[PDB]
Each structure stands twice: as structure tokens, then as C-alpha cells.
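File shown: coords_14.txt. Contents: compact mmCIF, C-alpha atoms and all ligand atoms.
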# COMPACT_ATOMS: atom_id res chain seq x y z
CA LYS M 1 72.82 122.10 -2.55
CA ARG M 2 72.95 119.11 -0.26
CA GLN M 3 75.59 121.23 1.39
CA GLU M 4 73.24 121.66 4.32
CA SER M 5 73.14 117.85 4.62
CA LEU M 6 76.78 117.80 5.75
CA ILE M 7 76.24 120.68 8.19
CA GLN M 8 75.03 119.39 11.57
CA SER M 9 73.14 121.70 13.93
CA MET M 10 71.88 121.75 17.52
CA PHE M 11 69.19 123.97 19.07
CA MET M 12 69.00 126.33 16.12
CA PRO M 13 66.69 126.64 13.04
CA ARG M 14 68.17 125.20 9.87
CA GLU M 15 66.81 127.96 7.63
CA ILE M 16 69.64 130.19 8.88
CA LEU M 17 72.00 127.77 7.14
CA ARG M 18 71.06 129.35 3.80
CA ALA M 19 74.31 131.35 3.66
CA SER M 20 77.33 132.05 1.46
CA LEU M 21 80.66 133.84 1.85
CA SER M 22 79.77 135.75 -1.33
CA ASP M 23 76.61 137.37 0.05
CA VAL M 24 78.70 139.14 2.68
CA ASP M 25 79.57 142.71 1.61
CA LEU M 26 83.02 144.34 1.64
CA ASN M 27 81.54 147.43 3.33
CA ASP M 28 84.02 147.53 6.28
CA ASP M 29 87.11 146.10 8.05
CA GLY M 30 85.41 143.57 10.31
CA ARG M 31 84.14 141.36 7.51
CA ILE M 32 86.91 141.99 4.97
CA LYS M 33 89.34 140.61 7.55
CA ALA M 34 86.86 137.92 8.59
CA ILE M 35 85.97 136.25 5.29
CA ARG M 36 89.55 136.74 4.11
CA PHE M 37 90.55 134.65 7.14
CA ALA M 38 87.58 132.32 6.63
CA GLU M 39 88.40 131.50 3.01
CA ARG M 40 92.09 130.97 3.77
CA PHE M 41 90.97 128.59 6.50
CA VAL M 42 88.59 126.72 4.21
CA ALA M 43 91.21 126.45 1.48
CA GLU M 44 94.04 125.25 3.72
CA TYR M 45 91.95 122.97 5.98
CA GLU M 46 93.07 119.34 6.43
CA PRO M 47 92.29 116.91 9.30
CA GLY M 48 94.75 117.51 12.17
CA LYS M 49 96.42 120.87 11.55
CA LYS M 50 97.01 123.57 14.16
CA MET M 51 94.50 126.06 12.83
CA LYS M 52 92.89 129.05 14.44
CA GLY M 53 89.20 129.58 14.05
CA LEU M 54 87.42 132.89 14.40
CA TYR M 55 85.91 134.51 17.47
CA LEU M 56 83.35 136.90 16.05
CA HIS M 57 81.94 139.49 18.41
CA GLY M 58 79.89 142.64 17.93
CA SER M 59 76.46 144.18 18.44
CA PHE M 60 73.16 142.42 17.79
CA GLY M 61 72.23 141.69 14.19
CA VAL M 62 75.52 142.48 12.36
CA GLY M 63 75.73 139.04 10.75
CA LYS M 64 77.96 137.06 13.11
CA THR M 65 75.93 133.83 13.11
CA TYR M 66 75.41 134.15 9.35
CA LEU M 67 79.20 134.25 9.03
CA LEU M 68 79.49 130.89 10.78
CA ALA M 69 76.73 129.30 8.69
CA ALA M 70 78.49 130.80 5.67
CA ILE M 71 81.82 129.21 6.64
CA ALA M 72 80.12 125.87 7.27
CA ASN M 73 78.62 125.98 3.79
CA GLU M 74 82.01 126.62 2.28
CA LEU M 75 83.44 123.62 4.15
CA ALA M 76 80.54 121.31 3.24
CA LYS M 77 81.50 122.33 -0.27
CA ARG M 78 84.86 120.70 0.53
CA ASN M 79 83.00 117.66 1.82
CA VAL M 80 84.01 118.35 5.42
CA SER M 81 81.44 118.15 8.19
CA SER M 82 80.92 120.84 10.80
CA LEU M 83 78.50 121.44 13.66
CA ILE M 84 76.88 124.68 14.77
CA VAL M 85 75.53 124.81 18.31
CA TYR M 86 73.30 127.51 19.76
CA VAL M 87 75.22 127.43 23.04
CA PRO M 88 72.79 129.20 25.39
CA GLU M 89 70.36 126.35 24.58
CA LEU M 90 73.06 123.75 25.12
CA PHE M 91 73.64 124.86 28.69
CA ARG M 92 69.91 124.87 29.35
CA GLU M 93 68.94 121.44 27.97
CA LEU M 94 71.76 120.34 30.25
CA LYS M 95 69.84 121.49 33.34
CA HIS M 96 66.43 120.19 32.56
CA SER M 97 66.85 116.80 30.86
CA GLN M 98 66.72 110.10 28.04
CA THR M 99 70.05 111.18 26.26
CA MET M 100 72.73 113.92 26.11
CA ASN M 101 76.35 112.77 27.01
CA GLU M 102 76.71 110.91 23.71
CA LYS M 103 76.24 114.32 22.17
CA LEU M 104 78.80 116.31 24.22
CA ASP M 105 81.09 113.59 22.90
CA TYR M 106 80.06 114.47 19.34
CA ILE M 107 80.63 118.14 20.09
CA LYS M 108 84.12 117.59 21.46
CA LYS M 109 84.92 115.39 18.47
CA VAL M 110 83.39 117.01 15.36
CA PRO M 111 85.98 118.01 12.70
CA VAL M 112 85.04 121.68 12.90
CA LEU M 113 82.96 123.17 15.71
CA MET M 114 81.02 126.43 15.78
CA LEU M 115 79.74 127.63 19.16
CA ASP M 116 77.15 130.29 18.57
CA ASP M 117 76.30 133.07 20.97
CA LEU M 118 78.73 132.56 23.85
CA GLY M 119 77.88 134.75 26.85
CA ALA M 120 74.28 135.43 27.90
CA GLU M 121 72.78 134.04 31.10
CA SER M 122 81.70 129.29 40.33
CA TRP M 123 79.83 126.76 38.17
CA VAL M 124 79.44 123.22 36.80
CA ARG M 125 80.53 124.77 33.52
CA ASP M 126 84.00 124.07 34.84
CA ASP M 127 83.29 120.44 34.14
CA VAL M 128 81.41 120.68 30.82
CA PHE M 129 82.59 123.65 28.70
CA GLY M 130 86.29 123.68 29.64
CA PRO M 131 86.94 119.97 28.85
CA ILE M 132 85.34 120.41 25.44
CA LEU M 133 87.65 123.32 24.70
CA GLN M 134 90.61 121.43 26.11
CA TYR M 135 89.89 118.32 24.07
CA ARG M 136 89.78 120.36 20.85
CA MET M 137 93.07 122.02 21.73
CA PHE M 138 94.73 118.69 22.43
CA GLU M 139 93.31 117.15 19.20
CA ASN M 140 93.81 120.15 16.85
CA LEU M 141 90.08 120.46 16.20
CA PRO M 142 89.35 123.94 14.66
CA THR M 143 86.91 125.92 16.78
CA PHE M 144 84.83 129.04 16.07
CA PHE M 145 82.71 131.29 18.29
CA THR M 146 80.25 134.23 18.10
CA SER M 147 79.53 136.45 21.06
CA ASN M 148 78.02 139.84 21.74
CA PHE M 149 81.04 140.33 23.98
CA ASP M 150 84.72 140.57 23.16
CA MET M 151 87.60 138.85 24.94
CA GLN M 152 87.83 141.55 27.63
CA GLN M 153 84.09 141.51 28.44
CA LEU M 154 83.40 137.78 28.08
CA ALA M 155 85.77 137.03 30.95
CA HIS M 156 84.27 139.72 33.17
CA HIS M 157 80.98 138.05 32.31
CA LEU M 158 80.93 134.33 33.09
CA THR M 159 79.99 133.59 36.70
CA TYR M 160 81.48 136.23 38.93
CA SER M 161 82.80 135.27 42.35
CA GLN M 162 84.26 137.12 45.31
CA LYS M 163 87.89 133.13 39.99
CA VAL M 164 90.86 132.79 37.71
CA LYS M 165 89.83 129.60 36.09
CA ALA M 166 87.24 131.59 34.12
CA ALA M 167 90.33 133.38 32.93
CA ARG M 168 91.92 129.99 32.34
CA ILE M 169 89.07 129.11 29.98
CA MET M 170 89.44 132.51 28.30
CA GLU M 171 92.95 131.36 27.44
CA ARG M 172 91.84 128.22 25.61
CA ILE M 173 89.50 130.37 23.58
CA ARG M 174 92.01 132.92 22.28
CA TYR M 175 94.33 129.95 21.76
CA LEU M 176 91.55 128.36 19.71
CA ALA M 177 90.34 131.42 17.81
CA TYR M 178 91.57 134.76 16.54
CA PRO M 179 89.05 137.47 17.55
CA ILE M 180 87.60 139.92 15.04
CA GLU M 181 85.03 142.60 15.64
CA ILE M 182 82.13 142.79 13.24
CA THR M 183 80.71 146.25 12.76
CA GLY M 184 78.09 147.29 10.27
CA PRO M 185 74.39 148.05 10.10
CA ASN M 186 71.73 146.23 12.13
CA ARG M 187 70.40 143.80 9.57
CA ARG M 188 66.72 143.39 10.82
CA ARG O 1 45.30 156.24 14.31
CA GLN O 2 47.80 153.40 14.89
CA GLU O 3 45.67 150.26 14.53
CA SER O 4 46.61 148.89 11.09
CA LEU O 5 50.02 147.88 12.48
CA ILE O 6 48.92 145.99 15.59
CA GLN O 7 46.77 142.95 14.81
CA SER O 8 45.14 140.04 16.65
CA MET O 9 44.16 136.38 16.51
CA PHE O 10 41.05 134.73 17.96
CA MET O 11 39.67 137.81 19.68
CA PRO O 12 37.24 140.45 18.32
CA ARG O 13 39.40 143.42 17.31
CA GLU O 14 37.18 145.88 19.20
CA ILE O 15 39.08 144.95 22.38
CA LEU O 16 42.40 146.32 21.12
CA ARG O 17 41.26 149.96 21.08
CA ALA O 18 43.42 150.99 24.02
CA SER O 19 45.80 153.62 25.41
CA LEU O 20 48.41 154.06 28.15
CA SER O 21 46.55 157.23 29.05
CA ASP O 22 43.06 155.71 29.19
CA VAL O 23 44.41 154.10 32.38
CA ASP O 24 44.76 155.48 35.88
CA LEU O 25 47.68 154.18 37.92
CA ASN O 26 45.48 153.13 40.76
CA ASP O 27 47.52 150.75 42.91
CA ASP O 28 51.19 149.81 42.50
CA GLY O 29 51.90 146.83 40.40
CA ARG O 30 50.40 149.00 37.68
CA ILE O 31 52.91 151.82 38.16
CA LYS O 32 55.83 149.65 37.06
CA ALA O 33 53.88 148.22 34.13
CA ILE O 34 53.44 151.60 32.45
CA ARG O 35 57.04 152.38 33.29
CA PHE O 36 58.31 149.10 31.89
CA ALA O 37 56.21 149.83 28.82
CA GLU O 38 57.60 153.26 28.04
CA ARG O 39 61.13 151.99 28.65
CA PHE O 40 60.45 149.12 26.29
CA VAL O 41 59.10 151.28 23.46
CA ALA O 42 61.88 153.87 23.73
CA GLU O 43 64.71 151.34 23.67
CA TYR O 44 63.18 148.85 21.26
CA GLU O 45 65.14 147.74 18.19
CA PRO O 46 64.97 144.35 16.25
CA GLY O 47 67.25 141.62 17.54
CA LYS O 48 67.81 143.67 20.69
CA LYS O 49 67.19 141.01 23.37
CA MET O 50 64.72 142.58 25.79
CA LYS O 51 62.19 141.26 28.31
CA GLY O 52 58.46 141.52 27.81
CA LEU O 53 55.81 141.73 30.50
CA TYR O 54 54.22 138.83 32.32
CA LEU O 55 51.18 140.38 34.00
CA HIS O 56 49.34 138.20 36.51
CA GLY O 57 46.23 138.76 38.62
CA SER O 58 42.62 137.72 39.29
CA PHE O 59 39.69 138.13 36.87
CA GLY O 60 38.64 141.62 35.81
CA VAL O 61 41.70 143.78 36.41
CA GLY O 62 43.28 144.99 33.17
CA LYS O 63 45.95 142.50 32.07
CA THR O 64 44.54 142.28 28.52
CA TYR O 65 43.89 145.99 28.26
CA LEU O 66 47.45 146.78 29.40
CA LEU O 67 48.88 144.59 26.65
CA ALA O 68 46.69 146.40 24.12
CA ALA O 69 47.97 149.67 25.58
CA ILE O 70 51.64 148.67 25.26
CA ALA O 71 50.68 147.41 21.82
CA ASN O 72 49.31 150.85 21.03
CA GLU O 73 52.27 152.89 22.29
CA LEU O 74 54.36 150.58 20.10
CA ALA O 75 52.24 151.49 17.10
CA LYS O 76 52.59 155.21 17.91
CA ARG O 77 56.25 154.48 17.14
CA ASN O 78 56.15 152.40 13.99
CA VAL O 79 56.48 148.85 15.35
CA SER O 80 53.85 146.21 14.45
CA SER O 81 52.67 144.02 17.32
CA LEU O 82 50.59 140.86 17.53
CA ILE O 83 48.30 139.86 20.38
CA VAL O 84 46.74 136.41 20.35
CA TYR O 85 44.03 134.93 22.55
CA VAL O 86 45.91 131.81 23.65
CA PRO O 87 43.13 129.50 24.95
CA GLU O 88 41.47 129.68 21.53
CA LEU O 89 44.57 128.74 19.54
CA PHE O 90 45.30 125.74 21.74
CA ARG O 91 41.66 124.68 21.53
CA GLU O 92 41.75 125.19 17.78
CA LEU O 93 45.07 123.33 17.52
CA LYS O 94 43.59 120.10 18.97
CA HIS O 95 42.54 119.03 15.47
CA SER O 96 43.93 121.28 12.72
CA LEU O 97 47.55 120.31 12.12
CA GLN O 98 45.64 118.11 9.70
CA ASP O 99 46.69 118.93 6.22
CA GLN O 100 47.15 122.52 6.35
CA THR O 101 47.31 126.28 6.59
CA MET O 102 46.57 127.20 10.11
CA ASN O 103 50.17 125.91 10.80
CA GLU O 104 51.49 128.63 8.50
CA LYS O 105 49.59 130.75 11.01
CA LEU O 106 51.64 129.15 13.78
CA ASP O 107 54.71 129.99 11.70
CA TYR O 108 53.87 133.69 11.46
CA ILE O 109 53.14 134.06 15.17
CA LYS O 110 56.47 132.44 15.94
CA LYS O 111 58.29 135.02 13.77
CA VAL O 112 56.48 138.29 14.57
CA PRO O 113 58.50 141.25 16.02
CA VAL O 114 56.35 141.50 19.17
CA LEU O 115 54.16 138.66 20.40
CA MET O 116 51.57 139.07 23.14
CA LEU O 117 49.87 135.94 24.42
CA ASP O 118 46.62 136.77 26.22
CA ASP O 119 45.63 134.77 29.32
CA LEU O 120 47.76 131.64 29.47
CA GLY O 121 46.41 128.95 31.76
CA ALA O 122 42.64 128.77 32.02
CA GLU O 123 42.63 125.26 30.46
CA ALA O 124 44.61 123.00 28.07
CA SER O 125 46.98 120.18 27.01
CA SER O 126 50.52 118.56 26.80
CA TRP O 127 51.69 117.73 23.24
CA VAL O 128 50.41 121.21 22.49
CA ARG O 129 52.21 122.86 25.39
CA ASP O 130 55.44 121.07 24.94
CA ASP O 131 55.39 120.75 21.08
CA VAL O 132 53.33 123.73 19.89
CA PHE O 133 53.90 126.25 22.65
CA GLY O 134 57.45 125.32 23.63
CA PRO O 135 59.02 125.65 20.14
CA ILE O 136 57.41 129.07 19.84
CA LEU O 137 59.16 130.24 23.02
CA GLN O 138 62.40 128.51 22.13
CA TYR O 139 62.49 130.18 18.71
CA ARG O 140 61.68 133.66 20.02
CA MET O 141 64.42 133.22 22.62
CA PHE O 142 67.07 132.34 20.05
CA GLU O 143 65.97 135.27 17.81
CA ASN O 144 65.46 137.65 20.73
CA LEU O 145 61.92 138.55 19.68
CA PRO O 146 59.95 140.39 22.46
CA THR O 147 57.15 138.31 24.02
CA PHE O 148 54.41 139.32 26.49
CA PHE O 149 51.87 137.32 28.53
CA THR O 150 48.87 137.67 30.86
CA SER O 151 47.70 134.90 33.19
CA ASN O 152 45.32 134.47 36.10
CA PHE O 153 48.30 132.87 37.83
CA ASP O 154 51.74 133.91 39.07
CA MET O 155 54.62 132.01 37.50
CA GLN O 156 54.89 129.50 40.36
CA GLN O 157 51.16 128.73 40.09
CA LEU O 158 51.14 128.44 36.30
CA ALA O 159 53.76 125.70 36.57
CA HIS O 160 52.11 123.53 39.18
CA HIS O 161 49.03 124.20 37.05
CA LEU O 162 50.51 122.70 33.88
CA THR O 163 51.69 119.45 35.48
CA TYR O 164 48.63 117.04 35.20
CA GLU O 165 57.89 112.81 37.57
CA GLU O 166 59.10 113.98 34.18
CA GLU O 167 56.39 116.47 33.35
CA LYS O 168 57.82 118.24 36.33
CA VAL O 169 60.85 118.92 34.21
CA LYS O 170 58.73 119.82 31.19
CA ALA O 171 56.81 122.51 33.05
CA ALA O 172 60.29 123.42 34.25
CA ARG O 173 61.95 123.97 30.87
CA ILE O 174 58.88 125.71 29.70
CA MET O 175 58.57 127.96 32.75
CA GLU O 176 62.27 128.75 32.43
CA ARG O 177 61.57 130.10 28.96
CA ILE O 178 58.67 132.34 30.02
CA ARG O 179 60.84 133.76 32.82
CA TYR O 180 63.77 134.35 30.45
CA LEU O 181 61.32 136.19 28.20
CA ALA O 182 59.13 138.15 30.63
CA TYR O 183 59.48 140.00 33.93
CA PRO O 184 56.44 139.33 36.20
CA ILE O 185 54.38 142.27 37.48
CA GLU O 186 51.49 141.61 39.91
CA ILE O 187 48.31 143.63 39.49
CA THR O 188 45.53 144.58 41.88
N1 LIG M 201 76.11 138.82 4.65
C1 LIG M 201 74.73 138.65 4.64
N2 LIG M 201 74.05 138.54 3.47
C2 LIG M 201 72.70 138.38 3.46
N3 LIG M 201 72.00 138.27 4.59
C3 LIG M 201 72.60 138.41 5.80
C4 LIG M 201 74.02 138.52 5.87
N4 LIG M 201 74.35 138.58 7.18
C5 LIG M 201 73.28 138.46 7.90
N5 LIG M 201 72.17 138.30 7.08
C6 LIG M 201 70.77 138.22 7.51
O1 LIG M 201 70.65 138.85 8.78
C7 LIG M 201 70.12 137.94 9.74
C8 LIG M 201 71.07 137.48 10.87
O2 LIG M 201 71.89 138.48 11.53
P1 LIG M 201 72.57 137.69 12.74
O3 LIG M 201 73.29 136.44 12.06
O4 LIG M 201 71.53 137.23 13.71
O5 LIG M 201 73.71 138.67 13.47
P2 LIG M 201 74.34 138.11 14.85
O6 LIG M 201 74.64 136.82 13.87
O7 LIG M 201 72.97 138.54 15.46
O8 LIG M 201 75.31 139.36 14.60
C9 LIG M 201 69.61 136.66 9.09
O9 LIG M 201 68.19 136.42 9.23
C10 LIG M 201 70.11 136.79 7.63
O10 LIG M 201 69.07 136.62 6.67
MG MG M 202 74.01 135.75 16.79

Output the file's structure in the form of C-alpha cells.
Amino acid sequence: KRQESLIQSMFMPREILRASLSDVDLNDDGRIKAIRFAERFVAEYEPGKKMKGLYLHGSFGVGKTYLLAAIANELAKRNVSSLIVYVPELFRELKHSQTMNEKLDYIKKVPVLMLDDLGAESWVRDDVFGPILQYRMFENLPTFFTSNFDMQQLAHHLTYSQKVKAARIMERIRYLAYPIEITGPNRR
Amino acid sequence: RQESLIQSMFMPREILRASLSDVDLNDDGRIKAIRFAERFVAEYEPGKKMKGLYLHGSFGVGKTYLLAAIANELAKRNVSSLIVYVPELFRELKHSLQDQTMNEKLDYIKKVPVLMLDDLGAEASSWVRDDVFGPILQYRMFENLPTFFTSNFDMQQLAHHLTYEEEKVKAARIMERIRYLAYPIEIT
């Protein structure tokens, strides 16, 4: 349907938004636990409710991003808007840029936010990414993520120094989402 | 043998009859190309996220041939590749987005498993660079589809080349993409 019309998207092709939580197979634990969580989230969702999102991590091509698109489609089926952001592209358009701040605002404020592909390529990110996360915590705005790295690795990954604050941001994330590993074949 | 898998666009197919053995590692720049190549083929898998080669050097060296070689070793192992003579496409593009199919050609090149763009530079324009070219690179970055290049110029010279400030930034976001996609190897 016009489901896709309610699903906003930044820096990523809209054709990947052709997804459904019914096309995902039961094959293993990762997804069984994931969509089970997803559907409970989508059923119980209501503006302004402490609610944990998902932090999906795993190898390349297991269907992590598709899971987010899938969840967004379920929500648009509830007439709730969400936004999926290819994050690596968000941090880049931020270095080379007319307008962008009006959009960070939209990101911090959307009902449900899905940050795709966290973790690939101190730092100014202490001013941009953290605040976003902190605003969604403060306002009870559900937040999802997809990374190739898990909680342990992601920290070790963003901008290594010779600090702790990277670990402070790692805290907002696990506060915001419940991590689940997605195993399975390499769909490609 | 392995030629029905690797195809081309805008260049007589008799140029793609190559081999990594038909070459002689004469002077070093070349040594790391062949090495990069074998590494690439051995560790290649869809969605992987792996650099390609950006080979730069003066006229009559072997940039094109090398690509064809890598393209052949890749066929020896199943993988289909696609090498396109860039200057032709851009030239062609000038007037062709007019009602029709060639753009479904642009669509296929954007989505192929391995893209090899022969001799970038050596002419061309801006809505094409930044609207035709750019999106190609941005898509293949997001999907982690291997991309190779060959240019008479080193990265720093291909940028100052494309400038014809604000287009300073444009050559910037576009050069950033090439770099993120290919590791530069000088040849002589
Ligand atoms: N559950 C699924 N049902 C049908 N297609 C799927 C499913 N999951 C992933 N895909 C397909 O696989 C591809 C995406 O895998 P991807 O979302 O990129 O994994 P990452 O999200 O890389 O783990 C898409 O092009 C999509 O067509
Ligand atoms: Mg992904």
C-alpha cells in the first residue's frame, strides 16, 4: 500500500522499503526473538511510552536493514510515521554541505527512529549524535539501530583516543534498544 | 573460457581478452595491483564491503588491461564483472535521458556486482558528474558493491580537474566517494 508514504527515509533507496514481518523466516533464534519483539512493540506502541527498540547486529547481508523496513511497514499499517536513516551518509553530508539543521531536528523528533548501519568510517560527533540520542531518551522516542558490530565492538570502534564519553554514548544506546544478534545465510 | 560472465559498455569487446599472467610485473606500483587483485578475488563475497582499485598513470601503461585482467581472474571464479568506458557514457548521456531506455542501462550499471569504470577524467560535465555519476557511487557505497577505476590523474589531480566556491565541495563529496570505494595504486 501507501504504507511507504508514511515511512520517511534519508540517504537510502526506497525500493528496500518493500518489506514485511511475514516474509522473514523462523529459521533461527536471532529473528524469532527479533520479530517477536518487533510485533509486540508494534502492537503496544502509543505516543510517549518508555519502550525499547531493537539493536540488530550481525554479519553482512543477513537481513538487518530489511528487518527495520519491515517494522516500519508494520507501524505505517498502524498509521504511525517512522524514519529510516542510512547513518554513514548522514555523517558525510554533514561534512560537505543550503539546508541540514532543520533535518537533525526532524530526526531527533520523529515518533519512531531507525538508524541504519551504525559503525563504519575525539570527534564533533559528540555534539551531533549524542544529543539526538539524549533527546529521544528524554522524550521517550523509540529508537532502533542496525550495525555490523555488537555492543562490545561498537564502543571499541568509534574514534579511538589515547575516551569514556564514547562509552557514555554506548550507554544511551543500550538504554534505547535491546540488542539481538541476527544469524542466518548471506542473502545475496 | 571465462568471457560470457564479464561484459562491457561502449568499448569493442576485443580489448577485454586479458590475463593476470599475460603481464610482467615490471616496476612496482604494478606489484601491489596484482596482489590487491588476488586478495580481492579470494575474499570476495556479495555485500562484503571491500575496496576496488583506482589505477592512475600516464597514457599507454596498462590501467585498462589490468582491469580486464582482474575482471578475468574474477570470471575464473564465477563472479560476473562489468567494465564501462566512462567518457563515452557521459558523452552519450548529454542527450538521452530523453524518453527512455538507456537510463535502464544506467540502472543496471548502478546495481552490478563489480563495476569497473575505464579512464575517468579526459573530458566532461557537471549535472552529469554530480547527478548521473554521483548517485551511482552513492548507491554502490550503501550496497557495498565493488567499484574500480582508471584515470590519467591521481586523485588530487582528478578533483582540481573536475572543478570548472561550491563546486569545490561537490568535487569534494564526489572525490570522497571514489576514495571510500578505491585504493589508489600508481603505475609506471
Ligand atoms: N526476510 C526477508 N525476506 C525476503 N527478502 C529478504 C529478507 N531479508 C532480507 N531480504 C533481502 O536481502 C537483501 C538485504 O539484506 P540486508 O538488509 O542488506 O542485510 P543487512 O540488512 O545487510 O544484514 C535485500 O535486497 C532484500 O531483498
Ligand atoms: Mg545493512

Residue 57 in chain M environment, 12 Å, only C-alpha atoms, sequence neighbours closer than 2 positions dropped, as number ranges by chain | M: 30-31, 34, 54-55, 59-65, 67-68, 116-119, 144-154, 177-184

Closest to chain O among M:45, M:86, M:135, M:66, using all atoms listed in the file?
->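 Distance minimum relative to chain O lands on M:86.
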
Select all residues from chain O having any atom no more than 8 Å from an atom of chain M (counting all atoms listed in the file, ignoring ligands), output as a PyMOL selection string.
-> chain O and resi 46-48+139+142+169-170+172-173

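All residues of protein, DNA or RNA that reach within 7 Å of range 36-38 of chain M, judged by all atoms listed in the file and not counting those fewer than 4 positions away in the chain, are residues 32, 42 and 71 of chain M.
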
Just the residues within 6 Å of range 7-15 of chain O, please, counting all atoms listed in the file, with nothing from its chain fewer than 6 positions along; format it as a list in words.
->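 Near neighbours after the sequence-gap exclusion: residues 82, 83, 84 and 85 of chain O.
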
Counting only C-alpha atoms and all ligand atoms, figure out which residue out of O:25, O:143, O:87, O:98 gets nearest to ligand LIG 201 (chain M).
-> O:143

In Å, with one decimal, what is the gap from CA of residue 175 in chain M to CA of residue 41 in chain M?
->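 Atom-to-atom, CA of residue 175 in chain M to CA of residue 41 in chain M, that is 15.7 Å.
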
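Each of M:83, M:90, M:16, M:128 was compared to ligand MG 202 (chain M) using only C-alpha atoms and all ligand atoms, and M:16 turns out to be the nearest.
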
Could you state the separation of atom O3 of ligand LIG 201 (chain M) and CA of residue 160 in chain M in Å, given to one decimal place?
-> 28.1 Å

Can you work out which one of O:36, O:162, O:72, O:29 has the shortest atom-to-atom distance to residue 127 in chain O, counting only C-alpha atoms?
->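 Using only C-alpha atoms, residue 127 in chain O sits closest to O:162.
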
If we count only C-alpha atoms, what is near residue 5 in chain M at a cut-off of 10 Å, once residues fewer than 3 positions away on the same chain are taken out, given as a PyMOL selection string?
-> chain M and resi 1-2+8+73+76+81

Point-to-point distance from CA of residue 34 in chain O to CA of residue 151 in chain O, Å rounded to tenths =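 If I compute the distance from CA of residue 34 in chain O to CA of residue 151 in chain O, I get 17.7 Å.
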
Using only C-alpha atoms and all ligand atoms, which of the listed residues (O:185, O:102, O:141, O:155) sits closest to ligand MG 202 (chain M)?
-> O:141

Among the residues M:164, M:7, M:69, M:124, the one that comes closest to ligand MG 202 (chain M) [using all atoms listed in the file] =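 Looking at the shortest contact to ligand MG 202 (chain M), the residue is M:69.
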
Using only C-alpha atoms, collect all residues at a distance of at most 6 Å from (52.5, 147.0, 22.0) as written in the file, then present them as a PyMOL selection string.
-> chain O and resi 70-74+81

Pick out the residues sitting within 9 Å of residue 77 in chain M, and hand them over as a ChimeraX atom specification; count all atoms listed in the file, and ignore anything fewer than 3 positions along from it in its own chain.
-> /M:1,3,6,72-74,80

To test the calculation: enclose all listed atoms of range 30-41 of chain O in a box whose edges run along x, y and z, add 6 Å on each side, then state centre and edge lengths in Å to one decimal, as AutoDock Vina command-line options.
--center_x 55.8 --center_y 150.7 --center_z 30.8 --size_x 22.7 --size_y 17.0 --size_z 26.7

As a PDB file, in the coordinates of the input, could you write out range 117-133 of chain O once it has been completed with N, CA and C atoms?
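In the end it all went to result.pdb:
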ATOM      1  N   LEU O 117      50.772 137.068  24.211  1.00  0.00           N
ATOM      2  CA  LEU O 117      49.870 135.940  24.420  1.00  0.00           C
ATOM      3  C   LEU O 117      48.897 136.207  25.564  1.00  0.00           C
ATOM      4  N   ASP O 118      47.639 136.478  25.217  1.00  0.00           N
ATOM      5  CA  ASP O 118      46.620 136.770  26.220  1.00  0.00           C
ATOM      6  C   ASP O 118      46.086 135.549  26.986  1.00  0.00           C
ATOM      7  N   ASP O 119      46.032 135.735  28.301  1.00  0.00           N
ATOM      8  CA  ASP O 119      45.630 134.770  29.320  1.00  0.00           C
ATOM      9  C   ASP O 119      45.965 133.295  29.137  1.00  0.00           C
ATOM     10  N   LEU O 120      47.211 132.987  29.488  1.00  0.00           N
ATOM     11  CA  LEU O 120      47.760 131.640  29.470  1.00  0.00           C
ATOM     12  C   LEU O 120      47.124 130.959  30.674  1.00  0.00           C
ATOM     13  N   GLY O 121      47.037 129.636  30.648  1.00  0.00           N
ATOM     14  CA  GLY O 121      46.410 128.950  31.760  1.00  0.00           C
ATOM     15  C   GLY O 121      44.951 128.902  31.367  1.00  0.00           C
ATOM     16  N   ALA O 122      44.052 128.827  32.341  1.00  0.00           N
ATOM     17  CA  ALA O 122      42.640 128.770  32.020  1.00  0.00           C
ATOM     18  C   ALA O 122      42.458 127.692  30.958  1.00  0.00           C
ATOM     19  N   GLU O 123      42.351 126.411  31.336  1.00  0.00           N
ATOM     20  CA  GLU O 123      42.630 125.260  30.460  1.00  0.00           C
ATOM     21  C   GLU O 123      43.908 124.653  29.854  1.00  0.00           C
ATOM     22  N   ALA O 124      43.661 123.698  28.950  1.00  0.00           N
ATOM     23  CA  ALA O 124      44.610 123.000  28.070  1.00  0.00           C
ATOM     24  C   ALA O 124      45.579 121.843  28.352  1.00  0.00           C
ATOM     25  N   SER O 125      46.121 121.361  27.217  1.00  0.00           N
ATOM     26  CA  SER O 125      46.980 120.180  27.010  1.00  0.00           C
ATOM     27  C   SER O 125      48.547 120.115  26.847  1.00  0.00           C
ATOM     28  N   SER O 126      49.075 118.874  26.874  1.00  0.00           N
ATOM     29  CA  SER O 126      50.520 118.560  26.800  1.00  0.00           C
ATOM     30  C   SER O 126      51.342 118.371  25.515  1.00  0.00           C
ATOM     31  N   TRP O 127      50.812 117.819  24.425  1.00  0.00           N
ATOM     32  CA  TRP O 127      51.690 117.730  23.240  1.00  0.00           C
ATOM     33  C   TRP O 127      51.646 119.105  22.586  1.00  0.00           C
ATOM     34  N   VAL O 128      50.636 119.864  22.978  1.00  0.00           N
ATOM     35  CA  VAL O 128      50.410 121.210  22.490  1.00  0.00           C
ATOM     36  C   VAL O 128      51.323 122.192  23.220  1.00  0.00           C
ATOM     37  N   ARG O 129      51.404 122.013  24.528  1.00  0.00           N
ATOM     38  CA  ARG O 129      52.210 122.860  25.390  1.00  0.00           C
ATOM     39  C   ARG O 129      53.652 122.697  24.994  1.00  0.00           C
ATOM     40  N   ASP O 130      54.077 121.458  25.144  1.00  0.00           N
ATOM     41  CA  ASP O 130      55.440 121.070  24.940  1.00  0.00           C
ATOM     42  C   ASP O 130      55.942 120.866  23.490  1.00  0.00           C
ATOM     43  N   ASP O 131      55.028 120.863  22.511  1.00  0.00           N
ATOM     44  CA  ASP O 131      55.390 120.750  21.080  1.00  0.00           C
ATOM     45  C   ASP O 131      54.950 121.962  20.254  1.00  0.00           C
ATOM     46  N   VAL O 132      53.832 122.572  20.627  1.00  0.00           N
ATOM     47  CA  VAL O 132      53.330 123.730  19.890  1.00  0.00           C
ATOM     48  C   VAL O 132      53.833 124.992  20.551  1.00  0.00           C
ATOM     49  N   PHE O 133      53.525 125.110  21.835  1.00  0.00           N
ATOM     50  CA  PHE O 133      53.900 126.250  22.650  1.00  0.00           C
ATOM     51  C   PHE O 133      55.414 126.361  22.808  1.00  0.00           C
TER      52      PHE O 133
END
